[PDB]
């Protein structure tokens, strides 16, 4: 239930990456790294032996859902737990992400407490 887990944080707005990185810092996970887009995240996952991915859903290059799909179709990557960050869980979006295989979702603006709750849910 490891706090050394290697985490990738994906999102185009560096200030949001930095909030996420902190939040996870309050919770005991310090092993976090960043990518600014699914285009930049895929090569980091592919070569860097990650355990966990927190991805925004809206990115101009390759969208959250395209990253998730790329991860799930890669035998190497296929086991990764993925939390998606959304500005609003319209159900059509959550449904579609669940189909695509996400482990959970969390609505922004979120908190540490909600982050943990979400972390617990996914990992069972």
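Numbering follows the first chain given and starts at 1.
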Original post:
Which is higher on average in the deposited entry, the C-alpha temperature factors of 22 to 30 or of 95 to 103?
Top reply: 22 to 30
**OP:** Take the C-alpha B-factors listed in the entry for 68 to 76 and for 35 to 43, compute each mean, and give the stretch with the larger one.
**Re:** 68 to 76
Original post:
Lowest, middle or highest third: where is residue 88 by C-alpha B factor in its chain?
Top reply: highest
Original post:
Where does residue 108 sit by CA temperature factor within its chain: lowest, middle or highest third?
Top reply: middle
